[PDB]
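PDB entry and its sequence, pasted below:
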Amino acid sequence: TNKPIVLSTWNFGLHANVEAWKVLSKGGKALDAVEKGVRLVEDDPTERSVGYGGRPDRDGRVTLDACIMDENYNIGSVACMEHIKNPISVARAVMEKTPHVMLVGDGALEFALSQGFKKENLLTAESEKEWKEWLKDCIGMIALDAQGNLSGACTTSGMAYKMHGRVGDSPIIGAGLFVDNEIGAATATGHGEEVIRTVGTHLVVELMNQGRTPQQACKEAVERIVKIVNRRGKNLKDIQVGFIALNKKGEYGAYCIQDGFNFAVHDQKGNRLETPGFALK
Amino acid sequence: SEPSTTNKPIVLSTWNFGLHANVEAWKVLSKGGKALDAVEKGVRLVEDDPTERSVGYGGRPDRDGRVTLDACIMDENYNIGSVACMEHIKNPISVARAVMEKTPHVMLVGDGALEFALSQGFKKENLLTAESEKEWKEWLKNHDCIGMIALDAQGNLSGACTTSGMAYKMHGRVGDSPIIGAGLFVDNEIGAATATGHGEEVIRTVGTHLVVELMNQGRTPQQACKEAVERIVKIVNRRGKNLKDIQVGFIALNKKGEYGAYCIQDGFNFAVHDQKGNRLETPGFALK
Ligand code: NA
Ligand code: NA
């Protein structure tokens, strides 16, 4: 087994991995590592697709989606939540502190406040400016820790200028994120509607369950999804879906419909940016 | 060549009230109509019924006395629509169908879902009946949803799921019913499945996507429902929980019109209407 190891999506995954590794390298829990990892990007107003600084919906409201899954089938999720900078941590509170696994809208905010989270104005001057001008994708992280336990976290401000109330894949278990401690974990990149449609990360993990490596599973999910896009009469150039994945042995994999995505991997070899295979050549 | 036997049209729905919801779906299916129209019409009957207290009008409120409704819908070509935690609209399944057909999104929640519904001509209505208000105030001091899946005369699958959610849930709580892959999943080249019960547990295990993938890899609909239930049973134990506290059922249909179901605990039936008639059937259960 190769452990610990953490993967996360996009260039900022490299920086998120560093924070995750501060936990993983000291023998801490995957759950804590992935929370710490993605909060880094939630916190950063120059990362405009996650948390603080996220581009608003078309009504100028910054609404955030996140979910988290630990090594023993515990889950939490918030969607379309406003004024709280660290939705992954509220999702973690939904998981640990309530008998529910998903809260949305005003109810998610009220819960957050009741747990001692603080309202903050998430719309930056920069985002407000660009929104008004307009009027005229996420971070996912999965890790295997020194105990051989998996966990993962996904957080986003969702599609810029979405309809108010729009929810993407990031807070939906089996779409944006899925973890089964006996199999593996996967988290998605791409058009949220399309990852929901195909239940993408549950598919990747079930393909690993069925005996595929993380790499084979990501590629086979994407190839199945490519055929569905065609069945739907759509142009593959208009659709992005991709996955990164980890199994219980610390093997990893990534594959997308289209070139141009990258993801960060940190293990005993250190932290680096790698690029997946892709279908649309 | 096509199958020697396909049982179509056919519609299945969860719980005893599925029997009369099936009659309404069959008005569409028996005339060669689309599975998508059939399953919408079928579940709207229950949404419309104030005496059905876990779906639509008359649904028991969250703990603050808001009736907030969840539904999703899926047709024969991976088109999907979903609303969740939506207030004041009696037929969330039809707003879900509008999300699917009329927007570039697949899920709206909360205020945004209501504003969209109003923009589409749905009418704001008071969904809290005197009876539900009475019970709620007192509280202060089975049939948890309807899922319906159908195979029409063309050989196409579609499904719908709609609920008012756990009674006296936290404000904003969403269960499995509006989540594609949890409460409902339909793939026209394999089969369809819809779920009922403790929504948290169906979300946890991505239940209907799992049932349909098990059919994909060769299980019959009943085999796939049963194996999914038994996975939930294993997970409940891994989590150190007591199975007695949990109910989940699945019903499932494949491309040939074969069907099946299975649940954790007894007392769950489903209704199936095909050309031979409308039947209330009782599946096996895990907790014996
Ligand atoms: Na940010
Ligand atoms: Na009702």
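Yep, that arrived. Residues are numbered from 1 along each chain as shown, chains lettered A, B, ... in the order given. Ligands and ions are numbered 1, 2, ... in the order given.

Going by C-alpha atoms from here, please, whenever you check contacts or count neighbours.
Fine.

Give me the spatial nearest neighbour of residue A:87, chain neighbours excluded.
Residue nearest to residue A:87 in three dimensions, not counting chain neighbours: residue A:66, with 5.8 Å by CA to CA, 6 or more residues apart in numbering or on different chains.

what about the one you found, which SS state?
Three-state assignment for residue A:66 (DSSP: H, G, I helix; E, B strand; the rest coil): strand.

In this model residue A:84 seems to touch it, though I could be wrong.
No - using CA atoms under 8 Å, residue A:66 makes no contact with residue A:84, being 11.6 Å away.

Looking at those two now, which is surrounded by more residues?
residue A:66 (37 against 25; other CA atoms under 10 Å in any protein chain shown).

Contact partners for that one?
With contact set as CA atoms under 8 Å, 6 or more residues apart in numbering or on different chains, residue A:66 has these partners: A:77, A:78, A:79, A:87, A:88, A:91, A:153, A:154, A:155, A:156, A:170, A:171.

Now do it against residue A:231, distance only.
According to CA to CA, to the nearest Å, residue A:66 stands 30 Å off from residue A:231.

can you check residue A:117 too?
In terms of CA to CA, residue A:117 sits 45 Å off from residue A:231.

of these two, who's got more company?
residue A:117 (18 against 11).

In terms of helices and strands, where is the more buried one?
Using DSSP states H and E, residue A:117 maps to neither a helix nor a strand.

quick one: it and residue A:83 touch, right?
No - under the criterion of CA under 8 Å, residue A:117 makes no contact with residue A:83, lying 9.7 Å away.

With secondary structure and neighbour count as extra columns, can I get the contacts of residue A:66 in JSON lines?
JSON lines is the format used below for the contacts of residue A:66 (DSSP: H, G, I helix; E, B strand; the rest coil; neighbours: other CA atoms under 10 Å in any protein chain shown):
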{"residue": "A:77", "secondary structure": "strand", "neighbour count": "32"}
{"residue": "A:78", "secondary structure": "strand", "neighbour count": "35"}
{"residue": "A:79", "secondary structure": "strand", "neighbour count": "36"}
{"residue": "A:87", "secondary structure": "helix", "neighbour count": "35"}
{"residue": "A:88", "secondary structure": "helix", "neighbour count": "30"}
{"residue": "A:91", "secondary structure": "helix", "neighbour count": "31"}
{"residue": "A:153", "secondary structure": "strand", "neighbour count": "38"}
{"residue": "A:154", "secondary structure": "strand", "neighbour count": "34"}
{"residue": "A:155", "secondary structure": "strand", "neighbour count": "35"}
{"residue": "A:156", "secondary structure": "strand", "neighbour count": "30"}
{"residue": "A:170", "secondary structure": "coil", "neighbour count": "34"}
{"residue": "A:171", "secondary structure": "coil", "neighbour count": "29"}
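
and of those, the nearest to residue A:100?
residue A:77 (9.2 Å; CA to CA).

Touching, the closest one and residue A:102? I think so.
Yes - Residue A:77 lies in contact with residue A:102 (CA under 8 Å); the separation is 4.6 Å.

Spit out the residues that contact these two alike.
Common neighbours of residue A:77 and residue A:102, counting by CA under 8 Å, 6+ apart, are A:91, A:94.

Of all residues in the stretch 151-281 of chain A, which one is closest to ligand 2?
residue A:165 (24.5 Å; CA to the ion).

picking that back up, look up how far residue B:279 lies from the residue nearest to residue A:87.
Residue A:66 is 42 Å from residue B:279, by CA to CA.

circling back: what sits against the residue of the stretch 151-281 of chain A closest to ligand 2?
Residue A:165 neighbours (CA under 8 Å, 6+ apart): A:63, A:80, A:105, B:107, B:108, B:109, B:110, B:111, B:112, B:113.

From those residues, pick the one nearest ligand 1.
Checking the contacts of residue A:165 one by one against ligand 1 (CA to the ion), the nearest turns out to be residue A:63, at 12.1 Å.

count of residues packed around that closest one?
For residue A:63, using other CA under 10 Å, the count is 29.

ok, now the one 10 residues further on?
As a burial measure, residue A:73 scores 18 neighbours (other CA under 10 Å).

Pretty sure residue A:242 is one of the things residue A:256 touches, is it not?
Yes - with contact defined as CA under 8 Å, residue A:256 reaches residue A:242; the gap is 3.8 Å.

Around ligand 1, pick out the residues from chain A.
A:42, A:44, A:45, A:47, A:50, A:51, A:52, A:53 (CA under 5 Å from the ion).

One more pass at 6 Å, please.
For chain A, the contact set with ligand 1 under CA under 6 Å from the ion comprises A:41-48, A:50-54.

can you redo those residues as TSV with neighbour count?
Shown next, in TSV, are the residues of chain A next to ligand 1 (neighbours: other CA atoms under 10 Å in any protein chain shown):
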residue	neighbour count
A:41	26
A:42	28
A:43	16
A:44	15
A:45	18
A:46	15
A:47	18
A:48	23
A:50	33
A:51	35
A:52	28
A:53	26
A:54	30
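
would JSON lines of these with distance to ligand 2 and secondary structure be doable?
Below are the residues of chain A next to ligand 1 laid out as JSON lines (distance: CA to the ion, whole Å; DSSP: H, G, I helix; E, B strand; the rest coil):
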{"residue": "A:41", "distance to ligand 2": "43", "secondary structure": "helix"}
{"residue": "A:42", "distance to ligand 2": "40", "secondary structure": "helix"}
{"residue": "A:43", "distance to ligand 2": "43", "secondary structure": "helix"}
{"residue": "A:44", "distance to ligand 2": "45", "secondary structure": "coil"}
{"residue": "A:45", "distance to ligand 2": "45", "secondary structure": "coil"}
{"residue": "A:46", "distance to ligand 2": "47", "secondary structure": "coil"}
{"residue": "A:47", "distance to ligand 2": "44", "secondary structure": "coil"}
{"residue": "A:48", "distance to ligand 2": "42", "secondary structure": "coil"}
{"residue": "A:50", "distance to ligand 2": "39", "secondary structure": "coil"}
{"residue": "A:51", "distance to ligand 2": "38", "secondary structure": "coil"}
{"residue": "A:52", "distance to ligand 2": "40", "secondary structure": "coil"}
{"residue": "A:53", "distance to ligand 2": "42", "secondary structure": "coil"}
{"residue": "A:54", "distance to ligand 2": "39", "secondary structure": "coil"}
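
Can you list the residue ranges for strands in the stretch 101-250 of chain A?
Assignment of strands within the stretch 101-250 of chain A using DSSP state E, counting those that start in this stretch yields the ranges A:102-104, A:139-144, A:150-156, A:177-180, A:184-190, A:241-247.

Could you tell me how far residue A:197 is located from chain B?
Going from residue A:197 to chain B by CA to the nearest CA, to the nearest Å gives 6 Å.

Spatially nearest residue to that residue, not counting backbone neighbours?
Using CA to CA, 6+ apart, the nearest residue to residue A:197 is residue B:78, at 6.4 Å.

what's the angle between the longest helix that chain A contains and strand A:241-247?
As assigned by DSSP state H, the longest helix anywhere in chain A is helix A:214-231. Per axes from the mean of the first three to the mean of the last three CA atoms, to 10 degrees, the angle that helix A:214-231 makes with strand A:241-247 is 160 degrees.

now the helices for chain A?
Secondary structure of chain A (DSSP H): helices at A:12-24, A:30-43, A:87-97, A:105-114, A:125-135, A:192-197, A:200-209, A:214-231.
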